[PDB]
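S.K.: Encoded as structure tokens, here's the structure I'll be asking about.
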Amino acid sequence: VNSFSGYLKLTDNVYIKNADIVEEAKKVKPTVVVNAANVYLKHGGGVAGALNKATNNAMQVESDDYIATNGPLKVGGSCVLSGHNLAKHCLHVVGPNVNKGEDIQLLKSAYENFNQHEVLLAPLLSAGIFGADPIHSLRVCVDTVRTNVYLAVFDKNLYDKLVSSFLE
Ligand SMILES: CC(C)[C@H](Nc1ncnc2[nH]c(-c3cnn(C)c3)cc12)c1ccc2c(c1)S(=O)(=O)NCC2
């Protein structure tokens with residue numbers, strides 16, 4: 001169960017690996033995989049699109065049905081849906097998109113959602129096309145998450161900069 005391999009332990013509860021979150025989810029089948037979602041759960045590209053494609057679009061169909069019944073999420077919020085073939089559950093978390101004018105302070109609220117689950121496989125919230133400084137996103141994760149989080153970062157250059165930044 002939760003057989004994470006090759007991670008570097010940064011703190012008592014935060015681990016990090018240079019890896020594709022989709023490939024990690026297939027190998028580990030964690031209890032929870034985090035999706036870096038938007039408020040309408042439209043998994044159009046990036047991490048969210050890759051996780052959806054690995055479920056052969058079942059995650060998008062389920063997400064559309066969720067939004068029809070419940071309405072959109074809030075920035076900083078989350079919902080629990082099926083993990084399909086990737087995990088027992090998928091925790092869809094909306095980090096702020098600072099390239100769209102959303103407040104970076106909401107990144108603390110976004111990582112707070114992780115605390116309702118004992119173990120999670122997750123990406124670096126608000127990084128990539130969401131525009132946040134990835135070194136800042138790792139600092140907010142370390143300061144906010146109290147449960148056990150395994151971060152998969154699919155870029156060796158960024159992985160090295162994050163580990164060097166943490167060990168300063
Ligand atoms: C900073 C990046 C290195 C990181 N990327 C990733 N981190 C971890 N597992 C990944 N799998 C893939 C993948 C697998 N297949 N395809 C076609 C893509 C990307 C990827 C990342 C972190 C957070 C965010 C993004 C990207 S995003 O721009 O897609 N959306 C905003 C949030």
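If you're wondering about the labels, chains in the structure tokens are A, B, ... by order shown, residues count from 1 in each chain, ligands from 1 in order shown.
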Pick out the residues sitting within 9 Å of residue 129 of chain A, and hand them over as a list in words; count only C-alpha atoms, and ignore anything fewer than 6 positions along from it in its own chain.
M.R.: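 The neighbour list is residues 46, 97 and 99 of chain A.
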S.K.: Extract, using only C-alpha atoms, all DNA, RNA and protein residues at most 12 Å from residue 49 of chain A, discarding same-chain residues fewer than 5 positions from it, and format them as a list in words.
M.R.: residues 21, 22, 35, 36, 37, 38, 41, 42, 43, 44, 54, 55, 56, 57, 58, 59 and 60 of chain A
S.K.: 9 Å from ligand 1 is the threshold here; counting only C-alpha atoms and all ligand atoms, which polymer residues fall inside it? Answer as an MDAnalysis selection string.
M.R.: chainID A and resid 18:24 35:38 45:51 53 95 97 122:132 134 151:159
S.K.: Would you mind listing what lies within 12 Å of segment 74-81 of chain A as a PyMOL selection string, with only C-alpha atoms counted and same-chain residues fewer than 4 positions away left out?
M.R.: chain A and resi 31-41+58-67+70+86-98+100-117+125-126
S.K.: Go through A:146, A:84, A:26, A:136 one by one, measure the shortest atom-to-atom distance of each to residue 165 of chain A using only C-alpha atoms, and give the residue with the smallest value.
M.R.: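 Among the listed residues, the smallest separation from residue 165 of chain A belongs to A:136.
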S.K.: Write out as a ChimeraX atom specification the set of residues from segment 19-113 of chain A that DSSP, computed on the backbone, places in helix (DSSP H, G or I).
M.R.: /A:21-28,46-54,58-70,98-100,106-113
S.K.: Return the single residue from A:85, A:164, A:3, A:13 that is closest to residue 145 of chain A, with distances computed using only C-alpha atoms.
M.R.: A:13
S.K.: Please give the complete set of residues from segment 21-156 of chain A that DSSP, run on the backbone, assigns to strand (DSSP E), formatted as a VMD selection string.
M.R.: chain A and resid 32 to 36 78 to 82 89 to 93 119 to 122 148 to 153
S.K.: Let's have the selection written as a PDB file, in the first residue's frame, with N, CA and C atoms.
M.R.:
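See out_16.pdb below for the written result:
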```pdb
ATOM      1  N   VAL A  32      -4.651   8.537  -2.176  1.00  0.00           N
ATOM      2  CA  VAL A  32      -5.133   9.797  -2.764  1.00  0.00           C
ATOM      3  C   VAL A  32      -4.087  10.335  -3.727  1.00  0.00           C
ATOM      4  N   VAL A  33      -4.554  10.731  -4.926  1.00  0.00           N
ATOM      5  CA  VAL A  33      -3.753  11.513  -5.858  1.00  0.00           C
ATOM      6  C   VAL A  33      -4.392  12.914  -5.963  1.00  0.00           C
ATOM      7  N   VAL A  34      -3.577  13.969  -5.855  1.00  0.00           N
ATOM      8  CA  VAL A  34      -4.075  15.331  -5.999  1.00  0.00           C
ATOM      9  C   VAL A  34      -4.025  15.786  -7.449  1.00  0.00           C
ATOM     10  N   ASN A  35      -5.133  16.367  -7.937  1.00  0.00           N
ATOM     11  CA  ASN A  35      -5.183  16.983  -9.247  1.00  0.00           C
ATOM     12  C   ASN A  35      -5.057  18.525  -9.047  1.00  0.00           C
ATOM     13  N   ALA A  36      -4.236  19.168  -9.882  1.00  0.00           N
ATOM     14  CA  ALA A  36      -4.079  20.630  -9.902  1.00  0.00           C
ATOM     15  C   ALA A  36      -5.200  21.113 -10.861  1.00  0.00           C
ATOM     16  N   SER A  78     -11.520  22.518  -2.691  1.00  0.00           N
ATOM     17  CA  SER A  78     -11.299  21.194  -3.217  1.00  0.00           C
ATOM     18  C   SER A  78     -12.574  20.350  -3.171  1.00  0.00           C
ATOM     19  N   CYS A  79     -12.541  19.232  -3.878  1.00  0.00           N
ATOM     20  CA  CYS A  79     -13.576  18.214  -3.745  1.00  0.00           C
ATOM     21  C   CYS A  79     -12.898  16.839  -3.903  1.00  0.00           C
ATOM     22  N   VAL A  80     -13.475  15.815  -3.298  1.00  0.00           N
ATOM     23  CA  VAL A  80     -13.019  14.418  -3.399  1.00  0.00           C
ATOM     24  C   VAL A  80     -13.898  13.683  -4.409  1.00  0.00           C
ATOM     25  N   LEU A  81     -13.273  13.138  -5.453  1.00  0.00           N
ATOM     26  CA  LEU A  81     -13.975  12.298  -6.430  1.00  0.00           C
ATOM     27  C   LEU A  81     -13.206  10.975  -6.585  1.00  0.00           C
ATOM     28  N   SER A  82     -13.652  10.092  -7.488  1.00  0.00           N
ATOM     29  CA  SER A  82     -12.994   8.818  -7.676  1.00  0.00           C
ATOM     30  C   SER A  82     -11.562   8.992  -8.165  1.00  0.00           C
ATOM     31  N   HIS A  89      -8.847   7.613  -4.316  1.00  0.00           N
ATOM     32  CA  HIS A  89      -9.542   8.882  -4.509  1.00  0.00           C
ATOM     33  C   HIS A  89      -8.707   9.931  -5.218  1.00  0.00           C
ATOM     34  N   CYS A  90      -9.375  10.866  -5.915  1.00  0.00           N
ATOM     35  CA  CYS A  90      -8.673  12.023  -6.442  1.00  0.00           C
ATOM     36  C   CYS A  90      -9.177  13.221  -5.682  1.00  0.00           C
ATOM     37  N   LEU A  91      -8.238  13.971  -5.071  1.00  0.00           N
ATOM     38  CA  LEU A  91      -8.537  15.233  -4.402  1.00  0.00           C
ATOM     39  C   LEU A  91      -8.249  16.364  -5.408  1.00  0.00           C
ATOM     40  N   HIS A  92      -9.332  16.956  -6.002  1.00  0.00           N
ATOM     41  CA  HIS A  92      -9.173  18.053  -6.962  1.00  0.00           C
ATOM     42  C   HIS A  92      -9.002  19.336  -6.187  1.00  0.00           C
ATOM     43  N   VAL A  93      -7.832  19.988  -6.262  1.00  0.00           N
ATOM     44  CA  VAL A  93      -7.516  21.194  -5.486  1.00  0.00           C
ATOM     45  C   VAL A  93      -7.262  22.329  -6.410  1.00  0.00           C
ATOM     46  N   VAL A 119      -2.253  10.341   3.680  1.00  0.00           N
ATOM     47  CA  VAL A 119      -1.153  10.182   2.732  1.00  0.00           C
ATOM     48  C   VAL A 119      -1.633  10.678   1.358  1.00  0.00           C
ATOM     49  N   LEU A 120      -0.803  11.465   0.649  1.00  0.00           N
ATOM     50  CA  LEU A 120      -1.176  11.971  -0.678  1.00  0.00           C
ATOM     51  C   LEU A 120       0.010  11.990  -1.593  1.00  0.00           C
ATOM     52  N   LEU A 121      -0.266  11.727  -2.902  1.00  0.00           N
ATOM     53  CA  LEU A 121       0.674  11.917  -4.005  1.00  0.00           C
ATOM     54  C   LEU A 121       0.205  13.232  -4.669  1.00  0.00           C
ATOM     55  N   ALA A 122       1.094  14.244  -4.814  1.00  0.00           N
ATOM     56  CA  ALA A 122       0.618  15.541  -5.305  1.00  0.00           C
ATOM     57  C   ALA A 122       1.609  16.229  -6.219  1.00  0.00           C
ATOM     58  N   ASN A 148       1.112  13.369   5.417  1.00  0.00           N
ATOM     59  CA  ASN A 148       2.277  12.882   4.684  1.00  0.00           C
ATOM     60  C   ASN A 148       2.079  13.107   3.189  1.00  0.00           C
ATOM     61  N   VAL A 149       2.894  13.967   2.610  1.00  0.00           N
ATOM     62  CA  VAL A 149       2.751  14.332   1.188  1.00  0.00           C
ATOM     63  C   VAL A 149       3.980  13.998   0.379  1.00  0.00           C
ATOM     64  N   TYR A 150       3.745  13.293  -0.751  1.00  0.00           N
ATOM     65  CA  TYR A 150       4.800  12.865  -1.680  1.00  0.00           C
ATOM     66  C   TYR A 150       4.623  13.724  -2.939  1.00  0.00           C
ATOM     67  N   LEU A 151       5.558  14.672  -3.141  1.00  0.00           N
ATOM     68  CA  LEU A 151       5.498  15.606  -4.282  1.00  0.00           C
ATOM     69  C   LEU A 151       6.238  15.049  -5.476  1.00  0.00           C
ATOM     70  N   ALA A 152       5.555  14.942  -6.616  1.00  0.00           N
ATOM     71  CA  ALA A 152       6.177  14.535  -7.881  1.00  0.00           C
ATOM     72  C   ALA A 152       6.310  15.778  -8.757  1.00  0.00           C
ATOM     73  N   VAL A 153       7.554  16.065  -9.165  1.00  0.00           N
ATOM     74  CA  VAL A 153       7.836  17.258  -9.982  1.00  0.00           C
ATOM     75  C   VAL A 153       8.495  16.765 -11.269  1.00  0.00           C
TER      76      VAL A 153
END
```
S.K.: In terms of the shortest atom-to-atom distance over only C-alpha atoms, which of A:68, A:28, A:162, A:140 is closest to residue 6 of chain A?
M.R.: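 Among the listed residues, the smallest separation from residue 6 of chain A belongs to A:28.
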S.K.: Hey, can you check how far atom CA of residue 142 of chain A sits from atom CA of residue 14 of chain A?
M.R.: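 So the two atoms, atom CA of residue 142 of chain A and atom CA of residue 14 of chain A, lie 6.5 Å apart.
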S.K.: Tell me, in Å to one decimal, how far atom CA of residue 11 of chain A is from atom CA of residue 83 of chain A.
M.R.: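 We find that atom CA of residue 11 of chain A and atom CA of residue 83 of chain A lie 26.6 Å from each other.
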S.K.: Would you please work out which residue, of A:1, A:16, A:72, A:137, is nearest to residue 30 of chain A when using only C-alpha atoms?
M.R.: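 Of A:1, A:16, A:72, A:137, the one nearest residue 30 of chain A is A:1, counting only C-alpha atoms.
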S.K.: Go ahead and compute the interatomic distance for atom CA of residue 163 of chain A and atom CA of residue 141 of chain A, in Å to one decimal.
M.R.: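 We find that atom CA of residue 163 of chain A and atom CA of residue 141 of chain A lie 13.5 Å from each other.
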S.K.: Taking only C-alpha atoms into account, name the residue in A:69, A:161, A:144, A:138 that is nearest to residue 15 of chain A.
M.R.: A:138
